[PDB]
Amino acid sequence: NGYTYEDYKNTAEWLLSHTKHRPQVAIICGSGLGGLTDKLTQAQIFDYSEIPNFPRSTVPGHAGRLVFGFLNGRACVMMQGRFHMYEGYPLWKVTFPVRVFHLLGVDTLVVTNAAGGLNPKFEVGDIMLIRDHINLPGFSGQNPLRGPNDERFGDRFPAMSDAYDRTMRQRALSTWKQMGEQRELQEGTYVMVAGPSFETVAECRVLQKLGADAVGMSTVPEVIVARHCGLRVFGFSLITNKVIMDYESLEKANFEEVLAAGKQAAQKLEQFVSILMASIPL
């Protein structure tokens, strides 16, 4: 890890002295979900590039910002554009923001992402509440906590079996019902793979045999660091496509499929996340 405790501290103190805002809930916007930032009030924007120690977004669009504000009753800080392992960033950079949030006083992390549906029940547009995850990169050594542990952040061996807050998942299922929606709220296991290339049929079948319901290339690292910090964690995936699981299919996954899904059924998540804020204690 190239960061020392001081680095996280310095970045937090810089932010704290450049904004009157004091966030309680940190929200990471997945692909095509950045619009969520438009629902904040008294919003204050910070480009990642201007924040000390922040990984500088190479060239995925040069759009990487931290937005502080209020979202339906809660002091929030949103990440519009997140870092991925496939871009070349080691995991201690990918998750650097999470530890900054903790030092800012955030006690809750809401993570969202786009994902390929592995579970056949799922349909494009569906929203999957994340009940658990399979950290494939983690089994091999790509775990954000690798390296000496800093007691100031947490324990050497944190548990992850209870990573996704049970209470929030219940209130999430409730809220979705209280809203009376067409499709039911899906729930399941998210498996992380490094990417950036999409899965083959044989790989899709592997992921399915392991019991995964959705596949993506992010999230798990941030969740692990959040939990290590003691933050409450809740999240979901927007199923943007059904992964090809048989050789008969003549279609293939693409960047267009994802953002298009994250174009129409996108707003649904935005509302959901906004309303869900009221369900977050304080």
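When you see a residue number, it is the position in the sequence shown, counting from 1.
According to the PDB record, 34-42 carries the higher mean C-alpha B-factor of the two stretches 34-42 and 209-217. Of the two stretches examined, 179-187 and 101-109, the record assigns the greater average C-alpha temperature factor to 179-187. Ranking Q80, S174, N143, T200 by the C-alpha B-factor listed in the PDB entry places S174 at the top. Taking only the listed residues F68, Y247, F234, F54, the entry reports the highest CA temperature factor at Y247. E257: CA B factor lies in the highest third for its chain, per the PDB record. Among all modelled residues in its chain, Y164 ranks in the middle third by Cα B-factor. When the CA B factors of the chain's modelled residues are split into thirds, the value for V124 lands in the highest one. Remark: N149 belongs to the lowest third of its chain, ranked by C-alpha B-factor as recorded. Among the modelled residues of its chain, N135 has a C-alpha B-factor that falls in the lowest third, as given in the PDB entry.
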